[PDB]
Amino acid sequence: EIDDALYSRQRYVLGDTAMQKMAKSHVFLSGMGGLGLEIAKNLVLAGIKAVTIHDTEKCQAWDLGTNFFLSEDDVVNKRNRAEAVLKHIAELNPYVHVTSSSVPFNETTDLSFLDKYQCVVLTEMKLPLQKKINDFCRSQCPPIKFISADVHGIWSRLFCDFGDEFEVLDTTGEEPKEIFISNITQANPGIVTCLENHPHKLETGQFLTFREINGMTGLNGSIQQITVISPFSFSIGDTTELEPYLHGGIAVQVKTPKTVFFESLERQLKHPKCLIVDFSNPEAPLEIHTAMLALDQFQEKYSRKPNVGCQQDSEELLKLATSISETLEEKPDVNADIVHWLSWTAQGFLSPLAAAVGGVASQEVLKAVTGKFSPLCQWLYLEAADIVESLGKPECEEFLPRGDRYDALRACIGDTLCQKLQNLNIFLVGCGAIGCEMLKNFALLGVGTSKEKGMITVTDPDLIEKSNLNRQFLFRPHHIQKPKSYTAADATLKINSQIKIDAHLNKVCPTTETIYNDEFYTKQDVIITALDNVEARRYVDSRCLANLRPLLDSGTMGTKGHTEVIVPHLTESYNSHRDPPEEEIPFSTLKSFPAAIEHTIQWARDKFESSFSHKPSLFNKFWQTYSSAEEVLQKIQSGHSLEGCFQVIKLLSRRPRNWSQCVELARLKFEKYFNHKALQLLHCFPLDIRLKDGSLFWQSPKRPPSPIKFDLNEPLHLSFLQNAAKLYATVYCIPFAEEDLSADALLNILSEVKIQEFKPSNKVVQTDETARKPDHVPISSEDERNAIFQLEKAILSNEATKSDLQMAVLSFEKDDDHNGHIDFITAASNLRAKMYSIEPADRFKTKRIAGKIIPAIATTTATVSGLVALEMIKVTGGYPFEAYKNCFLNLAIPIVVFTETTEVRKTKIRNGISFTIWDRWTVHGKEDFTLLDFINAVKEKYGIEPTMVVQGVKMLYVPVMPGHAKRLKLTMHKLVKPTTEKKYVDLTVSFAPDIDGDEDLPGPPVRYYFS
Ligand SMILES: O=P(O)(O)O[C@H]1[C@H](OP(=O)(O)O)[C@@H](OP(=O)(O)O)[C@H](OP(=O)(O)O)[C@@H](OP(=O)(O)O)[C@H]1OP(=O)(O)O
Ligand SMILES: Nc1ncnc2c1ncn2[C@@H]1O[C@H](COP(=O)(O)OP(=O)(O)OP(=O)(O)O)[C@@H](O)[C@H]1O
């Protein structure tokens, strides 16, 4: 079986069905350039059972700028490129069998040996050989999935060919959407209306199956094609033959395979299916395809690449391209600038672009070997011409090789910019997979190597986990339970010994802001984030905005990913981005009316939290508050309203003392959860109960629950009982052995267990969606008397010692199998599912949902890292606003979207006075500067009067407060008493609305200086 323990996220990303094909899979790859190296890293991280790399060339000092595994001695010994790194390749995954070859490739070379590979990847060989290879593989039975990837300086090319036909099992990879049926009409085609505010996002031609229909019992399980009518209506073919529609009904999306017809490589040369990544230039892919075809023709003609600055070579290439365009089907325009840049950067090689294209190539290889997603069809082109376009006309002397390990980079971008990279200061936040790939990018880029100014700072407080070995490739098995940052720094220094770097074990937060003060940010030049949560991102945004520093953001959600670029005075902010929050599940829905397995999953998560962390913590905190039980009793007798008294007293009263007591407590909890709750619900609302309009109360989406009889013979019952018993024993520190949860031992204790009889009673029920968690209703004195009797019996039994008040609060772990938390949550969720007869779910899905695990894969990480590095270079160049390109992509399609970053805004306030997010106003006064003096200072310095004052969150002035509007006569040093941490104070004030009736209009924050 798959080693899920390491693979983790990938399982959700792809599906174990696909994983069954990563086993038994055999992949060939040749060329072993930098691009080939990145592709190989991605593939080994993916988990291909067998990989055969191949190369014929040996090590050069030039290659040191493109390979991380390479050492100087490898070039010293003139070793073959593939061989010098094959050993390191095996380090990534023992489960992968990787092999190398050096058999020469030529026009007379036999190819039949390649039959043992499902997919073949080609880099760095001449085009005609590629043509022959494509012919052979696509002529094989079955045709062999062919992929050619190439990089030249600041350019790339990606192509795929899976034969004349390819069966894509899943086009999108999304979950099958579920729709609640509101109305059905007997028609041909029958019109079906969903619930209002429930957009269905269908397309005409899709297919769909149904279940639980009132009326058409026959349509349950039937499959129909659909034509969309409205966002909540559509057609499903003839339905007149059947009953009237009664109610209910569920729409389950049905996925179907699709066929993609890849054409031959050579024919695709004259008819390239170029995908578009920039709508503003839907012709650029065609032009670049022509340009590099002309380059290939030049290399064929001269057996060499053009010399940089050799205008003769550029003119020849331009003539060649001019010739080629006419041969094309469309005969598009010719870009002389593109030809010039190709000739200018032919000899170079760009590492980040290589990483990005390699990630995409690995994704296409996975699609080829799985069919899990619609692959590229057929061409793709990526470029970095923006970078060199900003440089105007630099001379070839900037790009001349100088012997160092960055000669190729110098050829790509020029020596001056290379030096700029060498002297940067980067404060990378978080060291997740994205962070690690980033550090690899700088290490290849020589960033910060200059002892003069280069100083790379990264902080991360977490430790290396086994699952993280799937993606954070810089780490090794013997590094688990060790700081991510230290391991990453050591690996980076191994990659490039010249690098200047520092690490930290800190977590970024306002508490640690003392370390990461404003001056530290001033030291920093570019800030990159690799976070996982949103609020931390917003906090970092606020800090960088206060520090006027550029920031880069990225995120990877499975096949999808996004990059955000923010530049001072040019772009908006991540805070300016205001994405809506999640879709709240009503408190009533979660507590009483589940309809989807996710509801029960969250419910079980919350119940676990309350049962094993929250309530135990309340218990422990209470006993810290109060020394002894006698004191508590005397207080309560004297009317002391001690918080949580009832719940805590009930807890200790039901506190077990032995393993059998743990088992019976678990049994009682099971009865309460899955029998008595449903019974009480039914008592409150019988099955026949109906709404005021007369329709059924127990209609969709509400599901009438059905109580469940216990039986240890049911695997679910036994598992739940075991998990609950173990958790409770851990709570009460009850010693135990693994023989205790043997089923026979359990039922032995269970045989004499007296099951309490259910008893309904009147209870307050919230049902409305917006009806939310009610506050504590005051409790009758009768229950206080009950609790008093309980603690009386406890003290009389002397079951009140300090140890009797000691208990170990649990912490929710999700990655370890032996804490049982995942098992318990799975048992509870499945039980609740059957409780309402809702569809069950597997353990792993429950773990993902409850743990809020975001699926991630190596390829998306590498690709976004490449793009982020590119944007970092663009930042370093100080390029104008137009160059930077915010990127969003969904490799599931696959699709790459390039767009200009959102421009900054001049927020006008009054009479044309406009301020951007980058504007922080300031005022200088003295110790006597009162609040009103500050009002006047604002009014004079920016022509606007304040109307309320907040220091951070401190409401310092508002007209609706009578007793504190007098603060106007008070200087801040005595009014707010600013902290000694700052020479200044940072504020935010809104002003009188121009619309009299509206609220105060916010303005830029102000840093006031006391002198
Ligand atoms: O406080 P919560 O953990 O959120 O859950 C409570 C709790 O059930 P547990 O005891 O199983 O945790 C209550 O029990 P007590 O804490 O009061 O002993 C129970 O109340 P009853 O004992 O009176 O049944 C109540 O159920 P209800 O609100 O229906 O009375 C139930 O609520 P949830 O489990 O739905 O949160
Ligand atoms: N406030 C913070 N300060 C520092 N590092 C942070 C902060 N918040 C998150 N991080 C880091 O962000 C990184 C995110 O990494 P990544 O997205 O690969 O997954 P993860 O958090 O390690 O866990 P999982 O793989 O289960 O998603 C973590 O290594 C974590 O240490």
# chains A, B, ... in the order shown; residues from 1 in each chain; ligands from 1
$ residues_around --residues "residue 903 (chain A)" --least-positions-apart "4" --cutoff "9 Å" --atoms "only C-alpha atoms" --output "list in words"
residues 569, 570, 571, 572 and 881 of chain A
$ write_last_selection --atoms "N, CA and C atoms" --output "tab-separated table (two decimals), in the first residue's frame"
chain	number	residue	atom	x	y	z
A	569	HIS	N	3.85	53.07	-3.51
A	569	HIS	CA	3.40	54.19	-4.33
A	569	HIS	C	2.97	53.79	-5.72
A	570	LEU	N	2.84	52.49	-6.00
A	570	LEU	CA	2.50	52.08	-7.35
A	570	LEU	C	1.29	51.17	-7.37
A	571	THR	N	1.15	50.33	-6.36
A	571	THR	CA	0.13	49.29	-6.34
A	571	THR	C	-0.74	49.44	-5.11
A	572	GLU	N	-1.85	48.71	-5.11
A	572	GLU	CA	-2.67	48.59	-3.92
A	572	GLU	C	-2.02	47.59	-2.96
A	881	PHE	N	6.05	50.88	-13.12
A	881	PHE	CA	4.86	50.17	-12.68
A	881	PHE	C	4.38	49.16	-13.71
$ residues_near_ligand --ligand "ligand 2" --cutoff "7 Å" --atoms "only C-alpha atoms and all ligand atoms" --output "PDB file with N, CA, C and O atoms, in the first residue's frame"
ATOM      1  N   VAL A 429       9.833  35.449   5.236  1.00  0.00           N
ATOM      2  CA  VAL A 429       9.002  35.046   6.359  1.00  0.00           C
ATOM      3  C   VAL A 429       8.485  33.642   6.107  1.00  0.00           C
ATOM      4  O   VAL A 429       7.961  33.348   5.028  1.00  0.00           O
ATOM      5  N   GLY A 430       8.631  32.775   7.102  1.00  0.00           N
ATOM      6  CA  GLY A 430       8.177  31.411   6.972  1.00  0.00           C
ATOM      7  C   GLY A 430       9.091  30.615   6.072  1.00  0.00           C
ATOM      8  O   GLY A 430       9.619  31.140   5.091  1.00  0.00           O
ATOM      9  N   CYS A 431       9.285  29.342   6.389  1.00  0.00           N
ATOM     10  CA  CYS A 431      10.196  28.485   5.648  1.00  0.00           C
ATOM     11  C   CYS A 431       9.492  27.208   5.233  1.00  0.00           C
ATOM     12  O   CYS A 431      10.024  26.104   5.353  1.00  0.00           O
ATOM     13  N   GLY A 432       8.272  27.348   4.726  1.00  0.00           N
ATOM     14  CA  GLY A 432       7.558  26.209   4.194  1.00  0.00           C
ATOM     15  C   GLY A 432       8.172  25.757   2.888  1.00  0.00           C
ATOM     16  O   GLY A 432       9.298  26.144   2.562  1.00  0.00           O
ATOM     17  N   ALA A 433       7.444  24.945   2.125  1.00  0.00           N
ATOM     18  CA  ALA A 433       7.986  24.467   0.859  1.00  0.00           C
ATOM     19  C   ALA A 433       8.317  25.629  -0.061  1.00  0.00           C
ATOM     20  O   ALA A 433       9.387  25.657  -0.688  1.00  0.00           O
ATOM     21  N   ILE A 434       7.420  26.612  -0.133  1.00  0.00           N
ATOM     22  CA  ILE A 434       7.667  27.782  -0.962  1.00  0.00           C
ATOM     23  C   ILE A 434       8.952  28.465  -0.532  1.00  0.00           C
ATOM     24  O   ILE A 434       9.788  28.832  -1.365  1.00  0.00           O
ATOM     25  N   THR A 459      13.083  33.575   9.040  1.00  0.00           N
ATOM     26  CA  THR A 459      12.636  33.125  10.344  1.00  0.00           C
ATOM     27  C   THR A 459      11.493  32.137  10.190  1.00  0.00           C
ATOM     28  O   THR A 459      10.660  32.263   9.288  1.00  0.00           O
ATOM     29  N   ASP A 460      11.490  31.138  11.057  1.00  0.00           N
ATOM     30  CA  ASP A 460      10.445  30.132  11.120  1.00  0.00           C
ATOM     31  C   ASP A 460      10.564  29.389  12.438  1.00  0.00           C
ATOM     32  O   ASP A 460      11.661  28.966  12.821  1.00  0.00           O
ATOM     33  N   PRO A 461       9.463  29.220  13.167  1.00  0.00           N
ATOM     34  CA  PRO A 461       9.527  28.563  14.473  1.00  0.00           C
ATOM     35  C   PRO A 461       9.215  27.077  14.457  1.00  0.00           C
ATOM     36  O   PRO A 461       9.364  26.427  15.499  1.00  0.00           O
ATOM     37  N   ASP A 462       8.800  26.522  13.327  1.00  0.00           N
ATOM     38  CA  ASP A 462       8.296  25.159  13.311  1.00  0.00           C
ATOM     39  C   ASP A 462       9.425  24.141  13.173  1.00  0.00           C
ATOM     40  O   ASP A 462      10.587  24.482  12.942  1.00  0.00           O
ATOM     41  N   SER A 467       5.652  14.334   6.873  1.00  0.00           N
ATOM     42  CA  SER A 467       4.852  14.718   5.719  1.00  0.00           C
ATOM     43  C   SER A 467       5.519  15.847   4.953  1.00  0.00           C
ATOM     44  O   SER A 467       5.474  15.884   3.720  1.00  0.00           O
ATOM     45  N   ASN A 468       6.153  16.773   5.669  1.00  0.00           N
ATOM     46  CA  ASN A 468       6.829  17.882   5.020  1.00  0.00           C
ATOM     47  C   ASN A 468       7.994  17.437   4.153  1.00  0.00           C
ATOM     48  O   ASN A 468       8.413  18.199   3.276  1.00  0.00           O
ATOM     49  N   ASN A 506      11.938  32.248  15.493  1.00  0.00           N
ATOM     50  CA  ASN A 506      10.857  33.073  15.991  1.00  0.00           C
ATOM     51  C   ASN A 506       9.629  32.953  15.104  1.00  0.00           C
ATOM     52  O   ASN A 506       9.706  32.540  13.944  1.00  0.00           O
ATOM     53  N   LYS A 507       8.484  33.292  15.680  1.00  0.00           N
ATOM     54  CA  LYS A 507       7.240  33.419  14.941  1.00  0.00           C
ATOM     55  C   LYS A 507       6.892  34.893  14.824  1.00  0.00           C
ATOM     56  O   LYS A 507       6.892  35.615  15.825  1.00  0.00           O
ATOM     57  N   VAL A 508       6.599  35.342  13.612  1.00  0.00           N
ATOM     58  CA  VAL A 508       6.287  36.749  13.407  1.00  0.00           C
ATOM     59  C   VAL A 508       4.922  37.043  14.009  1.00  0.00           C
ATOM     60  O   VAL A 508       3.948  36.323  13.767  1.00  0.00           O
ATOM     61  N   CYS A 509       4.863  38.092  14.813  1.00  0.00           N
ATOM     62  CA  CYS A 509       3.673  38.521  15.527  1.00  0.00           C
ATOM     63  C   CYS A 509       4.006  39.831  16.221  1.00  0.00           C
ATOM     64  O   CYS A 509       5.188  40.156  16.383  1.00  0.00           O
ATOM     65  N   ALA A 530       5.740  33.415   3.012  1.00  0.00           N
ATOM     66  CA  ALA A 530       5.385  32.040   2.695  1.00  0.00           C
ATOM     67  C   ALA A 530       4.422  31.505   3.739  1.00  0.00           C
ATOM     68  O   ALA A 530       4.524  30.355   4.177  1.00  0.00           O
ATOM     69  N   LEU A 531       3.469  32.332   4.147  1.00  0.00           N
ATOM     70  CA  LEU A 531       2.612  31.993   5.268  1.00  0.00           C
ATOM     71  C   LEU A 531       1.536  30.998   4.855  1.00  0.00           C
ATOM     72  O   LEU A 531       1.430  30.589   3.697  1.00  0.00           O
ATOM     73  N   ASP A 532       0.730  30.602   5.835  1.00  0.00           N
ATOM     74  CA  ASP A 532      -0.393  29.708   5.610  1.00  0.00           C
ATOM     75  C   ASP A 532      -1.730  30.312   5.997  1.00  0.00           C
ATOM     76  O   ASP A 532      -2.760  29.882   5.479  1.00  0.00           O
ATOM     77  N   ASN A 533      -1.737  31.295   6.884  1.00  0.00           N
ATOM     78  CA  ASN A 533      -2.957  31.922   7.357  1.00  0.00           C
ATOM     79  C   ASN A 533      -3.026  33.359   6.863  1.00  0.00           C
ATOM     80  O   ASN A 533      -2.027  33.957   6.458  1.00  0.00           O
ATOM     81  N   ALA A 536      -1.846  36.638   9.606  1.00  0.00           N
ATOM     82  CA  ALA A 536      -0.414  36.895   9.617  1.00  0.00           C
ATOM     83  C   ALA A 536       0.003  37.652   8.369  1.00  0.00           C
ATOM     84  O   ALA A 536       0.830  38.569   8.433  1.00  0.00           O
ATOM     85  N   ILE A 853      -6.701  20.839   6.344  1.00  0.00           N
ATOM     86  CA  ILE A 853      -5.460  20.622   5.619  1.00  0.00           C
ATOM     87  C   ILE A 853      -5.608  21.146   4.201  1.00  0.00           C
ATOM     88  O   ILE A 853      -6.539  20.773   3.477  1.00  0.00           O
ATOM     89  N   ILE A 854      -4.689  22.013   3.797  1.00  0.00           N
ATOM     90  CA  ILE A 854      -4.658  22.539   2.438  1.00  0.00           C
ATOM     91  C   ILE A 854      -3.794  21.602   1.600  1.00  0.00           C
ATOM     92  O   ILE A 854      -2.601  21.450   1.898  1.00  0.00           O
TER      93      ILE A 854
END
$ residues_near_ligand --ligand "ligand 1" --cutoff "7 Å" --atoms "only C-alpha atoms and all ligand atoms" --output "PDB file with N, CA and C atoms, in the first residue's frame"
ATOM      1  N   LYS A 591     -25.563  22.285  15.176  1.00  0.00           N
ATOM      2  CA  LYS A 591     -25.966  21.602  16.396  1.00  0.00           C
ATOM      3  C   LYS A 591     -27.075  20.591  16.147  1.00  0.00           C
ATOM      4  N   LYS A 607     -16.929  19.096  19.241  1.00  0.00           N
ATOM      5  CA  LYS A 607     -17.202  18.285  20.417  1.00  0.00           C
ATOM      6  C   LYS A 607     -15.912  17.770  21.030  1.00  0.00           C
ATOM      7  N   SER A 610     -14.265  20.705  22.867  1.00  0.00           N
ATOM      8  CA  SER A 610     -14.922  20.978  24.137  1.00  0.00           C
ATOM      9  C   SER A 610     -14.628  19.884  25.151  1.00  0.00           C
ATOM     10  N   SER A 611     -14.665  18.629  24.713  1.00  0.00           N
ATOM     11  CA  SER A 611     -14.593  17.522  25.651  1.00  0.00           C
ATOM     12  C   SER A 611     -13.192  17.320  26.194  1.00  0.00           C
ATOM     13  N   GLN A 647     -21.122  23.286  35.673  1.00  0.00           N
ATOM     14  CA  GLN A 647     -20.443  22.376  34.765  1.00  0.00           C
ATOM     15  C   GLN A 647     -19.274  21.690  35.450  1.00  0.00           C
ATOM     16  N   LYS A 650     -20.545  19.112  37.992  1.00  0.00           N
ATOM     17  CA  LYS A 650     -20.978  17.928  37.267  1.00  0.00           C
ATOM     18  C   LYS A 650     -19.779  17.128  36.798  1.00  0.00           C
ATOM     19  N   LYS A 669     -21.640   8.186  27.125  1.00  0.00           N
ATOM     20  CA  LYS A 669     -21.489   9.270  26.167  1.00  0.00           C
ATOM     21  C   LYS A 669     -22.033   8.865  24.812  1.00  0.00           C
ATOM     22  N   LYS A 672     -25.809   9.012  24.952  1.00  0.00           N
ATOM     23  CA  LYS A 672     -26.270  10.392  24.936  1.00  0.00           C
ATOM     24  C   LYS A 672     -26.133  10.995  23.546  1.00  0.00           C
ATOM     25  N   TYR A 673     -25.017  10.724  22.873  1.00  0.00           N
ATOM     26  CA  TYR A 673     -24.740  11.373  21.599  1.00  0.00           C
ATOM     27  C   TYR A 673     -25.637  10.847  20.491  1.00  0.00           C
ATOM     28  N   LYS A 677     -30.117  12.171  21.972  1.00  0.00           N
ATOM     29  CA  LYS A 677     -30.255  13.442  21.275  1.00  0.00           C
ATOM     30  C   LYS A 677     -31.313  13.350  20.185  1.00  0.00           C
TER      31      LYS A 677
END
$ residues_around --residues "residue 163 (chain A)" --least-positions-apart "2" --cutoff "6 Å" --atoms "only C-alpha atoms" --output "mmCIF file with N, CA, C and O atoms, in the first residue's frame"
data_model
loop_
_atom_site.group_PDB
_atom_site.id
_atom_site.type_symbol
_atom_site.label_atom_id
_atom_site.label_comp_id
_atom_site.auth_asym_id
_atom_site.auth_seq_id
_atom_site.Cartn_x
_atom_site.Cartn_y
_atom_site.Cartn_z
ATOM 1 N N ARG A 138 4.988 8.314 -30.837
ATOM 2 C CA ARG A 138 3.586 8.354 -31.212
ATOM 3 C C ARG A 138 3.225 7.236 -32.176
ATOM 4 O O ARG A 138 2.043 6.900 -32.296
ATOM 5 N N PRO A 143 0.898 4.706 -28.108
ATOM 6 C CA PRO A 143 1.843 5.810 -28.306
ATOM 7 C C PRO A 143 2.418 6.264 -26.977
ATOM 8 O O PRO A 143 1.721 6.313 -25.961
ATOM 9 N N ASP A 161 2.593 15.732 -26.573
ATOM 10 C CA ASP A 161 1.963 14.935 -27.618
ATOM 11 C C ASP A 161 1.678 13.563 -27.033
ATOM 12 O O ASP A 161 2.605 12.779 -26.816
ATOM 13 N N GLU A 165 -4.971 10.411 -29.945
ATOM 14 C CA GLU A 165 -6.067 10.480 -28.995
ATOM 15 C C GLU A 165 -5.534 10.232 -27.598
ATOM 16 O O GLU A 165 -4.648 9.398 -27.403
ATOM 17 N N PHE A 262 -3.956 14.993 -29.679
ATOM 18 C CA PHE A 262 -2.652 15.588 -29.916
ATOM 19 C C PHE A 262 -2.205 15.310 -31.340
ATOM 20 O O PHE A 262 -2.361 14.198 -31.851
#
$ residues_around --residues "region 491-498 of chain A" --least-positions-apart "3" --cutoff "8 Å" --atoms "only C-alpha atoms" --output "number ranges by chain"
A: 68-69, 439-440, 443-444, 446, 449-450, 474-475, 487-488
$ closest_residue --among "A:784, A:584, A:535, A:740" --to "residue 648 (chain A)" --atoms "only C-alpha atoms"
A:784
